[PDB]
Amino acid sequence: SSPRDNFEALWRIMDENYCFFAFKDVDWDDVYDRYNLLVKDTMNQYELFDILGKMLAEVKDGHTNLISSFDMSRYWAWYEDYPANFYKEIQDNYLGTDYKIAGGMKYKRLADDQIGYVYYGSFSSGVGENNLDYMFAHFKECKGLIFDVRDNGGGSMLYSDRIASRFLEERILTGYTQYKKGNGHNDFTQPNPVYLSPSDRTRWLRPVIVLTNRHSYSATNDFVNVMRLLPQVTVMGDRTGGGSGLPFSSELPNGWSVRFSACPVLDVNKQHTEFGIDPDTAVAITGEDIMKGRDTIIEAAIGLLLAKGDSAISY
């Protein structure tokens, strides 16, 4: 397995399957011409790995990686160029030690029991129908809900759909999917509509604040995409980390593998969500709030939900 064969195979895999060339400042043909002069069959496996990793970093994509048995290439400036906007130690001041555990959820009432707070760290940690019903019943008397998915790198779409379906009033269009039809960079199938139906179990139609950060991505990005379509939902924090939760993976002749997003996911306006979704209200954790043991994002969400409107029960 020669370096030039692995260079050729990797360039071709990207050329024919990478979905987002239209949104990148580089031309993949000029990337071929440049790296063609750099890859030599005298290179050892480490030199080849560094150069091919740099080649993938040309598309500046946090979702693209080259994986060998010794390293994984990454463009993590995609995540690291944004503030953390989440600290477990500051979150401990809100959850304490007496928070409740229902599957993959941590939950507790805040602000004199007026606000329900949920932290859902991973879509890989399952949530059952009873877990959700019990969490909602604990928050029966609450004015609103905080659903915090900051630092949630995704996981299973089964839990994504199961949680999101609890906030629906009726069946809705959630967005669209496209898939690579051919080798051409823009050779996609027509946008396919994806729908979600409301749950038959306990639903939450009261105000909701969804908390996001750059470390909210993949299945979490798709979850956020559905939640921001709902009238009772406000998304707060920072731009999500994007991605789709639907990866492409292929092996190289040398056994290394390349991965990236397999399909473009579009919102209801047929706009790409791959590069992340902006919150409704941008809020960043401040240096002085950390010093006070406060989470600026949780506090802004509490403030917004407590902001009193009319004293009327209506529709």
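Residue positions are given as counts along the sequence shown, with the first one as 1.
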Original post:
Hey, which bit's got the bigger mean C-alpha B factor in the entry, 34-42 or 270-278?
Top reply: 34-42
Original post:
With respect to the recorded C-alpha B factors, which stretch has the higher mean value, 196-204 or 235-243?
Top reply: 196-204
Subject >> C-alpha B-factor winner, where the candidates are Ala284, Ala262, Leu66, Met55 >> reply: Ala262
**OP:** Select lowest, middle or highest to describe the third in which the CA B-factor of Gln190 falls within its chain in this entry.
**Re:** highest
Original post:
In terms of the chain's CA B-factor thirds, is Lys108 lowest, middle or highest?
Top reply: lowest
**OP:** Please place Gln114 in the lowest, middle or highest third of its chain by C-alpha B factor as given in the entry.
**Re:** middle
**OP:** Could you tell me which third, lowest, middle or highest, the C-alpha B-factor of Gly153 occupies within its chain?
**Re:** lowest
Subject >> CA B-factor placement of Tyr217, once the chain's modelled residues are sorted into thirds >> reply: lowest
